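Accompanying notes for the structure given below.
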Amino acid sequence: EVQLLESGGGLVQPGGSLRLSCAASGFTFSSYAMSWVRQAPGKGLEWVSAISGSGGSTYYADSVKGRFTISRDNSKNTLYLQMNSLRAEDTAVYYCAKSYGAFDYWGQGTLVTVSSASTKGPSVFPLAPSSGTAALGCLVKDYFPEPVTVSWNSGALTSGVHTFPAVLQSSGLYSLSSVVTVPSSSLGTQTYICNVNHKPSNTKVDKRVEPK
Amino acid sequence: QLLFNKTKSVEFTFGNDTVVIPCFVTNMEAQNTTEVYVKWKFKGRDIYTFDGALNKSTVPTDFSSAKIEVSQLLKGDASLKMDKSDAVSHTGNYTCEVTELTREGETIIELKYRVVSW
Amino acid sequence: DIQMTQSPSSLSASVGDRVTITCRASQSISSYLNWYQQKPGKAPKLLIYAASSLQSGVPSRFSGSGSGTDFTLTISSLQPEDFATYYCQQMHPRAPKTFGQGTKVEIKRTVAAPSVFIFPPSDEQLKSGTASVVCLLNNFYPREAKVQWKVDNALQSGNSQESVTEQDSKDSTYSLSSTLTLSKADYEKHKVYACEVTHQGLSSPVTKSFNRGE
Ligand SMILES: *[C@@H]1O[C@H](CO)[C@@H](O)[C@H](O)[C@H]1NC(C)=O
Ligand SMILES: *[C@@H]1O[C@H](CO)[C@@H](O)[C@H](O)[C@H]1NC(C)=O
Ligand SMILES: *[C@@H]1O[C@H](CO)[C@@H](O)[C@H](O)[C@H]1NC(C)=O
C-alpha cells in the first residue's frame with residue numbers, strides 16, 4: 001500500500017527553523033511531483049509548495065516564498081520542506097501529498113507550533129465511574145504543545161468513547177478529557193485503562209480507572 | 001504517469017530548414033485538446049505553452065517563432081518547432097512537460113549546434 | 001491566479017437526503033478540478049478527480065459533474081458518517097493548484113436530550129494541589145446547550161471551560177464536557193457540587209450533584 005510517513009514537526013521558536021521529511025512508499029516516487037499543504041487552526045487547506053518528479057521545477061505559495069525550500073532525494077524516496085524564519089501565522093498541521101494536482105495520497109500530518117513557550121508533559125487523572133449505563137474517563141491536564149493521543153484498553157475499547165478536543169487554559173497549557181460509557185455490570189469484572197501519549201515530551205501514561 | 005519515446009539530443013546546422021525538438025508521449029488518452037497542457041522549458045524558463053482549455057499558445061519575445069502542431073497533440077506528438085535564429089541563440093537542454101488531467105510527465109532533450117571554423 | 005468560489009459555506013441535511021455543493025472557477029479550466037472530504041484534524045481524502053471521475057475505493061454515493069467554470073459535488077443519499085468539510089480544488093497547470101473555501105456538511109436529525117454525569121476531582125489530583133470537577137452531557141442534539149455550575153447553591157462564572165465533540169458517525173449527536181477548576185483549598189471549602197443542564201430535549205433543567213466527602 002501507499003504510505004507517506006512525516007516527521008520533523010513540533011515546537012519551534014518564532015524566527016526559528018524546522019525541516020519536515022516525508023518518507024514515501026508504494027508508488028514510483030521519481031515519476032510524480034510531490035506537494036506540501038497546511039491547515040492553520042480554524043482555517044481551510046492552504047497549498048504551500050510542490051516539486052516535479054526530477055526536482056528540476058519547484059513551486060511555492062506567495063505566503064512562504066523566500067522562506068521555505070522544497071527538495072527531494074529520489075534515492076531515499078523522501079520529500080523535504082526546509083522552513084526558515086517561522087512566524088505565528090505558520091502554526092498549522094503540515095501534510096505531504098502525492099502529485100501536484102489531484103492529491104490521491106496524503107501523509108498523516110504533523111503539527112508545527114511556532115511559540116516561545118516550553119514543552120510540558122501532562123498529568124493524567126482518573127474520572128472514576130460513580131452512581132443501566134455508567135460513564136468513566138481520564139483527564140489529561142496541563143500540557144504543551146498539542147497533541148496528545150488517548151486510547152482505551154490498548155485500542156480494544158472504541159465503542160462509546162468520546163475524546164474531547166483540547167481546550168487552551170488561562171495558563172497557556174492545554175487540557176482534555178476522554179470518556180467512555182460502559183454497562184454498569186462490567187465495572188467489577190472488566191478493567192478499563194486509558195493509554196495517554198504525549199510525543200512532544202515523551203510522556204506515556206497508562207492509567208487504570210476503577211470505581212471508588 | 002505519461003511515458004515518452006525519448007531522444008537524448010538533436011543537432012542542427014544551417015542546412016536545416018526548421019529546427020525540430022522531438023517530444024512524443026506514448027500513452028495519451030484524451031480525445032479533446034481541451035484537457036491537454038504542454039509546456040516547454042529552457043534554462044528554467046517557460047519558453048512555449050499550449051493551454052488546451054483556453055486554446056491558446058504563449059511564447060516569450062526571445063522565442064517568437066516557437067510553436068507545436070496542435071493537430072498532432074492527441075497522437076502524443078508535442079514536438080517544438082522554431083527557426084534557426086531562435087535555435088542558435090538557445091542551445092542546451094529543453095524540457096517537454098505534458099499534462100493530461102491527473103497524468104503528467106516530462107522529458108529532456110539537448111539541442112546542439114556547432115560553430116563551423118573556416 | 002485562478003480563484004474558486006465554493007458554495008454554500010455550511011449546510012445541514014438529513015440521513016437519506018441529497019447534498020449539493022458547487023464551485024465556480026474564475027477562468028475556464030475544462031475538467032481540471034478535484035473534490036476532497038476532510039474529517040476534523042485528519043488528512044483530506046480525494047473523492048473526485050478531473051471534475052467527474054470517482055476515485056477508486058470512494059463510495060458510489062459521491063459524484064462530480066461540470067467542465068469549464070461551473071462544478072458540482074453531489075452526495076446522492078447522505079449517510080451519518082459523511083459529516084465533514086468538503087473542498088473543491090483547481091488543478092489547471094496555468095496557475096497555483098489551490099483549494100476553495102470549504103463547505104461544512106452537518107447531519108440534521110431529531111432532538112435528543114443529553115444524559116448528564118458528574119465526576120469529582122480524583123484524590124491523585126487533589127494531592128497535586130488542584131481540583132477539576134467534570135460535568136458530561138452525553139449524546140444530545142442540537143448542539144446548543146447551557147451548563148450552569150452551582151457550588152453550595154451559589155451560581156458560578158468565569159471558572160469553567162467547555163469542549164464539544166464532533167457529531168457521532170452513527171447517531172449524529174454531540175457530547176460536551178464542562179470542567180470547573182478550583183484550587184485544592186477552594187474545593188475543600190464546599191460540600192455540594194452541581195451542574196444544571198438546559199437543553200431543547202429536556203422539559204425542565206436537569207441537575208447532577210455530589211457531596212465532596214462521599
Ligand atoms: C536537421 O536535419 C537533419 C537531417 O534532415 C535531421 O536529422 C535533424 O533532426 C535536424 N535537426 C533539427 C534540430 O531539426
Ligand atoms: C484554436 O485556435 C486556433 C488558432 O486560433 C483555431 O484555428 C482553432 O479553430 C481553435 N479551436 C477551437 C476549438 O476553437
Ligand atoms: C544537458 O544535459 C546533459 C545531461 O545532464 C549534460 O551532459 C549537458 O552538459 C547539458 N547541456 C548543457 C548545455 O547544459
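Letters A, B, ... mirror the listed sequences (proteins, then strands); counts begin at 1. Whatever order the structure lists them in is the order used to number ligands and atoms, beginning at 1. Just the heavy atoms: all of them, side chains too, but no hydrogens, waters or symmetry mates, feed the values below.
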Within the protein, is there a heavy atom lying under 4.0 Å from atom 5 (O) of ligand 1? no
Considering B:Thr34, B:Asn32, B:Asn55, B:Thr33, which one's heavy-atom position lies nearest to atom 10 (C) of ligand 2? B:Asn55
Check: B:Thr95/B:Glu106 side-chain N/O donor and acceptor closer than 3.5 Å: no
If the cut-off is 4.0 Å to any non-hydrogen atom of B:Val20, which atoms of ligand 1 fall inside it? 12 (C), 13 (C), 14 (O)
Quick check against the 3.5 Å criterion: does C:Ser172 have a side-chain atom that pairs as donor or acceptor with the backbone of C:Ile107? no
Atom NE2 of B:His90 and atom CZ of B:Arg45: how far apart are they, to the nearest 0.5 Å? 6.0 Å
Where the side chain of A:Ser35 meets the backbone of A:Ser99, is there a donor-acceptor pair that is under 3.5 Å apart? yes
Please list, in number order, the atoms of ligand 1 under 4.0 Å from a heavy atom of B:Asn16. 1 (C), 2 (O), 3 (C), 8 (C), 10 (C), 11 (N), 12 (C), 14 (O)
Protein heavy-atom contact under 4.0 Å for atom 14 (O) of ligand 2? yes
Please report whether atom 8 (C) of ligand 2 has a protein non-hydrogen atom at a separation of less than 4.0 Å. yes
Taking the ring centre of each residue, are A:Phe103 and A:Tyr95 less than 6.0 Å apart? no
Any atoms of ligand 1 less than 4.0 Å from a non-hydrogen atom of B:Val19? List them with their elements. 13 (C), 14 (O)
Going by distance only, is there an N or O of B:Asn93 that falls short of 3.5 Å from an N or O of ligand 3? yes
Could you tell me if the ring centre of A:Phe27 sits under 6.0 Å from that of A:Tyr105? no
List ligand 1 atoms under 4.0 Å from B:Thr18, heavy atoms only on the residue side. 14 (O)
Check each of A:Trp36, A:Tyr94, A:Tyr100 against A:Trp47 using the ring-ring contact (aromatic ring centres under 6.0 Å, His included) test, and report the only one that passes. A:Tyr100
